[PDB]
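What follows is a single chain, given as structure tokens, in the form deposited in one PDB entry.
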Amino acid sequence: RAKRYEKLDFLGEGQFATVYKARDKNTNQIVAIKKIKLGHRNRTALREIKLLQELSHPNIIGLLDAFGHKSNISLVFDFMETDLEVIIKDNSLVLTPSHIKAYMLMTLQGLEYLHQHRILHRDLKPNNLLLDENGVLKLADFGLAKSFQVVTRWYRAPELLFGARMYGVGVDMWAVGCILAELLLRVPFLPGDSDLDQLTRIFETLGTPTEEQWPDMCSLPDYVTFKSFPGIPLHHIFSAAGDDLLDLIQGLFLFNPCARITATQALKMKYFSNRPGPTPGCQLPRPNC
């Protein structure tokens, strides 16, 4: 499983990881190796493989083989054609309501599954939702994921920005909300230049929160008193969205994290049972190469 795979294209440098297209020199499937190059620890990177092998799901990335002795450790995976991030930036593609319903659907079934199995994918962003031949979306980058201030600032839920130590599933949900806005607007919704500014963005956009809207807000370790903004109505931001969708977004971007709509609460919502339903993955937009 070391020399086994022959290197094709580069796919991504990373956080402490590189990713390569390679060809299994036996199966002849294209595969995506995650190199986790290291030194101290492979504690977090072993835990990853662990958490991974423990999951079977069509919207969860498929752990095929890990291997390798040296400075590095390799996780083999099914190759994927694009990520939801490129799918955004590709202008070629204009997005349809039923395209997004479809992208959201598969994301949240992935999520439902995960949180049933008591896990957090603490790093949900749109380059981490991959898509195959047949428009089947999959979560990935599990290097940040514990079994019940970590995401990349734009998709960081507030509680975290306010240095919450003990935090729940409402973390993953904030992200999914950020990803939906980003899907709608086709640009990062709340692109802070700093943690401090990421909160400014959140509040000025969504309004600064009450102790009603969020009790136990001030008890957070890094809590700090921002200016009080009113917020912006969602149908201003999303002149797009119909009321079934607005309802959903607004619930995902609730401030109180036990009052934040769970994956299931969200999958059990009109939006999904309402027309237009999800495009078949096979009929979902594909980009240039």
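What we label the rigid core is the largest C-alpha set whose atoms superpose within 1.5 Å from one form to the other. From 1 onward, residues are counted along the sequence shown.
Keep in mind that the form deposited in another entry is not shown, yet the notes after this line are about it.
- If you fit the rigid core between this form and the one not shown, you'll see the Cα of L267 move by less than 2 angstroms.
- In a rigid-core overlay of the protein, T27 has its C-alpha displaced by at least 2 Å between this form and the one not shown.
- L8: CA moves 2 Å or more between this form and the one not shown after rigid-core fitting.
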